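J.: I have a structure I would like to understand better, so I am pasting it below and will then ask my questions one at a time.
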Amino acid sequence: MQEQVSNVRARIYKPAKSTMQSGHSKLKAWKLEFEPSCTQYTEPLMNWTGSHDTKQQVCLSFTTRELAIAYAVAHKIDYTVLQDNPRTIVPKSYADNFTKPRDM
């Protein structure tokens with residue numbers, strides 16, 4: 001009882017909460033991954049010496065969310081934001097007080 005749609009979607013993921021300025025020499029915090037459309041292209045040209053290059057999966061890497069969402073918004077694409085950790089709810093507490101009369 002579902003409906004078929006012919007459109008792509010954007011997958012945005014946020015980094016993990018950690019102390020910044022903890023020694024970094026790169027620019028990558030947010031991740032982006034859009035679904036396939038048609039006539040996909042081949043991965044970009046990459047090569048390294050110190051460490052063997054990995055095979056990309058058409059995945060994109062952004063630094064600021066403004067850059068990520070900007071991509072989807074460019075074509076009004078449905079972008080989803082994923083958190084690194086779950087969202088816990090505050091501890092449900094409750095106070096209690098009583099009072100009695102003052103007999104002579």
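We label chains A, B, ... in the order they appear in the structure tokens, count residues from 1 in each chain, and number ligands from 1 in the order shown.
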Write out as a PDB file with N, CA and C atoms, in the first residue's frame each polymer residue whose atoms come within 10 Å of residue 63 in chain A, counting only C-alpha atoms; drop sequence neighbours fewer than 6 positions from it.

T.:
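The new file selection-v6.pdb reads:
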ATOM      1  N   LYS A  14      26.030  14.295  10.448  1.00  0.00           N
ATOM      2  CA  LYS A  14      26.853  15.187  11.258  1.00  0.00           C
ATOM      3  C   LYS A  14      27.950  14.411  11.979  1.00  0.00           C
ATOM      4  N   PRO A  15      29.063  15.096  12.277  1.00  0.00           N
ATOM      5  CA  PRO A  15      30.204  14.490  12.972  1.00  0.00           C
ATOM      6  C   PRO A  15      29.892  14.170  14.430  1.00  0.00           C
ATOM      7  N   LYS A  26      43.140  18.554   8.142  1.00  0.00           N
ATOM      8  CA  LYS A  26      42.202  18.327   7.049  1.00  0.00           C
ATOM      9  C   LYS A  26      40.908  19.103   7.271  1.00  0.00           C
ATOM     10  N   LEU A  27      40.052  19.122   6.255  1.00  0.00           N
ATOM     11  CA  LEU A  27      38.779  19.827   6.341  1.00  0.00           C
ATOM     12  C   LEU A  27      37.617  18.895   6.011  1.00  0.00           C
ATOM     13  N   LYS A  28      37.071  18.251   7.037  1.00  0.00           N
ATOM     14  CA  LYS A  28      35.951  17.335   6.858  1.00  0.00           C
ATOM     15  C   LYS A  28      35.237  17.083   8.181  1.00  0.00           C
ATOM     16  N   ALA A  29      33.959  17.450   8.237  1.00  0.00           N
ATOM     17  CA  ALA A  29      33.163  17.262   9.443  1.00  0.00           C
ATOM     18  C   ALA A  29      31.799  16.667   9.113  1.00  0.00           C
ATOM     19  N   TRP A  30      31.196  17.147   8.030  1.00  0.00           N
ATOM     20  CA  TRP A  30      29.887  16.663   7.607  1.00  0.00           C
ATOM     21  C   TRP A  30      30.015  15.728   6.409  1.00  0.00           C
ATOM     22  N   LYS A  31      29.068  14.805   6.279  1.00  0.00           N
ATOM     23  CA  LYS A  31      29.073  13.851   5.177  1.00  0.00           C
ATOM     24  C   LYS A  31      27.808  13.987   4.335  1.00  0.00           C
TER      25      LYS A  31
END

J.: DSSP on the backbone: which residues in chain A end up as strand (DSSP E or B)? Give the answer as a list in words.

T.: residues 9, 10, 11, 12, 13, 30, 31, 32, 33, 34, 60, 61, 62, 78, 79, 80, 81 and 82 of chain A

J.: Pull N, CA and C atoms from the residues just selected and write them as a compact mmCIF listing (two decimals), in the first residue's frame.

T.:
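The result, written out as selection.txt:
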# COMPACT_ATOMS: atom_id res chain seq x y z
N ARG A 9 17.30 11.45 -3.34
CA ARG A 9 17.31 11.96 -1.97
C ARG A 9 18.74 12.21 -1.50
N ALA A 10 18.90 13.18 -0.60
CA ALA A 10 20.22 13.52 -0.07
C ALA A 10 20.39 12.98 1.35
N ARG A 11 21.55 12.39 1.61
CA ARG A 11 21.84 11.83 2.92
C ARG A 11 22.94 12.63 3.62
N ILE A 12 22.55 13.44 4.60
CA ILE A 12 23.50 14.25 5.34
C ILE A 12 23.74 13.68 6.74
N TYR A 13 25.01 13.62 7.14
CA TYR A 13 25.37 13.10 8.45
C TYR A 13 26.31 14.05 9.17
N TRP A 30 31.20 17.15 8.03
CA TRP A 30 29.89 16.66 7.61
C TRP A 30 30.02 15.73 6.41
N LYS A 31 29.07 14.81 6.28
CA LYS A 31 29.07 13.85 5.18
C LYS A 31 27.81 13.99 4.33
N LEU A 32 27.94 13.76 3.03
CA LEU A 32 26.81 13.85 2.12
C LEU A 32 26.78 12.66 1.16
N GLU A 33 25.59 12.11 0.95
CA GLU A 33 25.43 10.97 0.06
C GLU A 33 24.06 11.00 -0.62
N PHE A 34 24.05 11.33 -1.90
CA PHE A 34 22.81 11.40 -2.67
C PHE A 34 22.58 10.11 -3.45
N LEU A 60 30.11 12.08 -0.90
CA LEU A 60 30.70 13.41 -0.80
C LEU A 60 31.03 13.75 0.65
N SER A 61 32.01 14.64 0.84
CA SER A 61 32.42 15.05 2.17
C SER A 61 32.45 16.57 2.29
N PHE A 62 31.64 17.10 3.20
CA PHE A 62 31.57 18.54 3.41
C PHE A 62 32.14 18.92 4.77
N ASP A 78 15.17 16.34 -1.10
CA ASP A 78 14.88 15.97 0.28
C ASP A 78 16.14 15.47 0.98
N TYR A 79 16.73 16.32 1.81
CA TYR A 79 17.94 15.97 2.54
C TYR A 79 17.62 15.58 3.98
N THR A 80 18.22 14.48 4.44
CA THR A 80 18.00 14.00 5.80
C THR A 80 19.24 14.19 6.66
N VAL A 81 19.04 14.65 7.89
CA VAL A 81 20.14 14.87 8.81
C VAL A 81 20.26 13.72 9.81
N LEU A 82 21.43 13.09 9.84
CA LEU A 82 21.67 11.98 10.76
C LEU A 82 22.61 12.39 11.89

J.: Need the shell around residue 37 in chain A: protein/DNA/RNA residues with any atom at most 9 Å away, counting only C-alpha atoms. Skip same-chain ones fewer than 3 positions apart. Format as JSON, numbers by chain?

T.: {"A": [6, 7, 8, 34, 40]}

J.: If you keep N, CA and C atoms, can you produce a file of those selected residues as a compact mmCIF listing (two decimals), in the first residue's frame?

T.:
# COMPACT_ATOMS: atom_id res chain seq x y z
N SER A 6 9.68 8.86 -8.47
CA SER A 6 10.86 8.94 -9.32
C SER A 6 11.69 10.18 -8.99
N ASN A 7 12.33 10.16 -7.83
CA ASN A 7 13.15 11.28 -7.39
C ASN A 7 14.30 10.81 -6.51
N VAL A 8 15.36 11.61 -6.43
CA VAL A 8 16.52 11.27 -5.62
C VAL A 8 16.43 11.89 -4.23
N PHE A 34 24.05 11.33 -1.90
CA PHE A 34 22.81 11.40 -2.67
C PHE A 34 22.58 10.11 -3.45
N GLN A 40 24.97 7.45 -14.19
CA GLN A 40 25.98 7.82 -13.21
C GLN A 40 27.37 7.86 -13.84

J.: Can you list every residue in range 32-95 of chain A that DSSP puts in alpha helix (DSSP H), as a ChimeraX atom specification?

T.: /A:65-74

J.: Could you jot down the CA of residue 71 in chain A to CA of residue 46 in chain A separation for me, Å, one decimal place?

T.: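 Between these atoms lies a distance of 22.5 Å.
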
J.: To one decimal place, how far is CA of residue 65 in chain A from CA of residue 17 in chain A in Å?

T.: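 CA of residue 17 in chain A lies at a distance of 14.6 Å from CA of residue 65 in chain A.
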